[PDB]
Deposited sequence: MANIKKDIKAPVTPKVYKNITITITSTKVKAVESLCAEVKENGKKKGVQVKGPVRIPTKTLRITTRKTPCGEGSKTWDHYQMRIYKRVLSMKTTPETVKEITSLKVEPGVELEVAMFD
């Protein structure tokens, strides 16, 4: 079997991994979701961009809101 947990908060999946624990918590590489946008609503002004990013942590094990768990 395979228990997979993916969440936006690192302390979330880490807390639930240790609570379920048993095969070790494997850590699939983190995904970053980068979005770059112009700050201004119109064109006027200096060319300024702001950098947004949301992370996604994935843990898979084999035997709170924002955390999802699936059993294969």
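Chemist: Could you give the ranges of the deposited sequence that carry no C-alpha coordinates?
Modeler: In sequence order, the gaps with no modelled C-alpha are 1-19, 41-49, 92-106, 116-118.
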